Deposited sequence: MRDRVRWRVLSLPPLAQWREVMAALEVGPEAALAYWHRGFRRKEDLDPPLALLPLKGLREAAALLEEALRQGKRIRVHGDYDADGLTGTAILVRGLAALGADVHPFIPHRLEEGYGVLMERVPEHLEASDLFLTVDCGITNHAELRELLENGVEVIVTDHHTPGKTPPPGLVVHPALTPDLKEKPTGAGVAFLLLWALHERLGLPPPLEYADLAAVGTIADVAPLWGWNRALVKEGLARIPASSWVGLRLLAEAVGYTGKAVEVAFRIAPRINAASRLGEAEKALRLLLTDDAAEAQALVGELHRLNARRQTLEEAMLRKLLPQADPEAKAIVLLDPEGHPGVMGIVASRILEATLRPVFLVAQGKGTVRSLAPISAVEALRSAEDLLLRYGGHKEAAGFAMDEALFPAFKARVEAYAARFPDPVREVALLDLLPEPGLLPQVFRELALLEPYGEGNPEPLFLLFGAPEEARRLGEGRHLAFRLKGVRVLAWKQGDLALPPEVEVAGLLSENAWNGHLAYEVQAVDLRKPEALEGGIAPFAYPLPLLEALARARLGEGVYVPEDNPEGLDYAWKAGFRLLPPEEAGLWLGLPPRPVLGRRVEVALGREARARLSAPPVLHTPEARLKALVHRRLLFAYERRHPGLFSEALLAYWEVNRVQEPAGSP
């Protein structure tokens, strides 16, 4: 739940590449760290070209459509399961109809088009003559059902000598985001184009749905506000309503339909909340699998209720309602393989590692339950990881860091917004209401958080948080919104350790006792003191104890390192002279000090290697 949550610090990249990214993208070290990890190296990686991908079958499919168009063949388009299928059919129906095709959607012909996976057929989609990326060996792009519908319309335009159908990219982007596909490469380019087109969409229904929810150009608004309204219509048996909203040019009719989608989404929300309220209190503890039955539950809402349970629980979840079954899983437990282990009991089933579906006679539920519970018992418990980009910079640099991270957008399945680590004794704490919600400060940075039952923060905390630009009264404030918060604990990261932090007091005691020790030529005061006290002074490559940092690398060592408390070595804590790669140095310094204070051998060792480099 929370005791199976591991925090890890992303590795430091090699300095020459870190520098290359900072230069080629014109950003400081923090943001460059993020870009390096997400594979962004040159300026054109931030803005990939939106191009016509060479998917297998794409050309034949477009040729077929050109024939259908010219010969006036009757085209029927199918795809209404969710936002991805609906936006994809809206693209093909509007697009082909704009070219003079006799096309119509099929909500349950000479050519049949099916979106999201005589009479010729084109199965033009993605999801698990078929046009599909996976058929294209070595193509590293993951377009969705709507993405492929868009590519197909584009392939046809190319054949017809027409320009790229960019006005359809907003519909395509909505389906892409809704499908939760990785937002990189072609998908990143498509989404950037489409998100930009929504405010003045050629499709009045989409523009109106977007305004209704307060759209401001963010992928996250599509994911949490737009797509759910569209999906609710379908989950509730009114997919035609959503499809029609995307096809009409009559603003009044669209306005009315937006009202309808709002009502369907409110219904979905109500049912979902009642199901979760009834189910969440059940069979959850430390069971290897949560398996619940809700005889009269609505099959249209159990999928989300299952994901919500899995999230509160960090366990695979299987729900059965009215003989239909849904599975959400994670970690090393495959959803569909768990169903496979109990397949003799099912009427039918299918799916993948994280989600699966089935049908089954509810009378077999107890048997189904023991079986899947046993399947899950064969595996280690699932664990959640929180990936930390780096230690948060000083307050004075937050605005610039924030503006530099901006280019990473759109955030999504592909590149989640980065999380920074903050550490310290909270101060100026102040509740907000009567529970969880509160605010406090760490090293002058204000952080907002929902304290997991307890309230009152330990004397020292660790925070994984999002750097936020909060506006109010026409003014901006750079703060941190905590996603996770805890008493300091195991922290993953760093390289194979060779340098082991030791408190200055302990180090000096051993040095006075005669332990072979190294004191750097710097801080002549420390050196003088050492000499002026009888320390057994040695060069770093031979002393197993250090009171400071050597100027150049000394590897194949395994040493204990102390800096001080008033030592000059510790004076790597002085504020710099910003802007240039002085900030790279500053990042390394803050890392060194942090890993030193936390006695973290791996991070300190890693940081020390970067330290030798940033000085070469």
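Student: Take the full deposited sequence, match it to the modelled residues, and report the stretches without C-alphas.
Tutor: Unmodelled stretches, in sequence order: 109 to 128, 138 to 151, 163 to 170, 659 to 666.
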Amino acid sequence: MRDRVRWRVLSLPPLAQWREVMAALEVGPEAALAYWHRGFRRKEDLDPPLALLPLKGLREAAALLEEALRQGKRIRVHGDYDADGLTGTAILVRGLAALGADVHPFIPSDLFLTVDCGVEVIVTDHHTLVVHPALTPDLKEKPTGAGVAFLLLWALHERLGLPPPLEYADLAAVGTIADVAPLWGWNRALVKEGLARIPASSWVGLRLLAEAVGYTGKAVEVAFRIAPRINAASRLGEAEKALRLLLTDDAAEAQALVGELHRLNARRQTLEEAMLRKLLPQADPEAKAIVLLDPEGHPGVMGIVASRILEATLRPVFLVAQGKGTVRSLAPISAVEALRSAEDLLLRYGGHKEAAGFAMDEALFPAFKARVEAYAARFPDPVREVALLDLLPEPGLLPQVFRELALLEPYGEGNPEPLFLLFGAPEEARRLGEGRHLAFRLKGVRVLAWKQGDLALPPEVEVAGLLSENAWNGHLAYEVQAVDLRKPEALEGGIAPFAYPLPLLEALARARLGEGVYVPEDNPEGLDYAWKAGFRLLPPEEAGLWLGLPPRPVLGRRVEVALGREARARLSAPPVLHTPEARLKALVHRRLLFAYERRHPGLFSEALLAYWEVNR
From here on, numbers count along this sequence of modelled residues.
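Student: For the higher mean C-alpha B factor in the entry, choose 15 to 23 or 598 to 606.
Tutor: If you average the C-alpha B-factors of 15 to 23 and of 598 to 606, the larger mean comes out for 15 to 23.
Student: Going by the mean C-alpha B-factor recorded in the entry, which is higher: 369 to 377 or 187 to 195?
Tutor: Going by the record's values, the stretch with the higher mean is 369 to 377.
Student: If you check the C-alpha B-factor for each of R315, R510, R207, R441 in the entry, which is highest?
Tutor: Each of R315, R510, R207, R441 was compared by C-alpha B-factor; the highest is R441.
Student: In this PDB entry, which of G57, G28, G548, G556 has the top CA B-factor?
Tutor: Answer for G57, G28, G548, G556: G556, with the highest C-alpha B-factor.
Student: Among the modelled residues of its chain, does the C-alpha B-factor of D138 lie in the lowest, middle or highest third?
Tutor: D138: CA B-factor falls in the highest third of its chain.
Student: Within this chain's modelled residues, let me know which third the CA B factor of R235 belongs to: lowest, middle or highest.
Tutor: Middle third.
Student: Pull the Cα B-factor of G514 out of the PDB entry and bin it into the chain's lowest, middle or highest third.
Tutor: Its C-alpha B-factor, which the entry lists for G514, ranks in the middle third among residues of this chain.
Student: Pull the Cα B-factor of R308 out of the PDB entry and bin it into the chain's lowest, middle or highest third.
Tutor: For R308, whose C-alpha B-factor we compare with every modelled residue in the chain, the answer is the lowest third.
Student: If you rank the chain by CA B-factor, which third does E354 end up in: lowest, middle or highest?
Tutor: For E354, the deposited C-alpha B-factor lands in the middle third.
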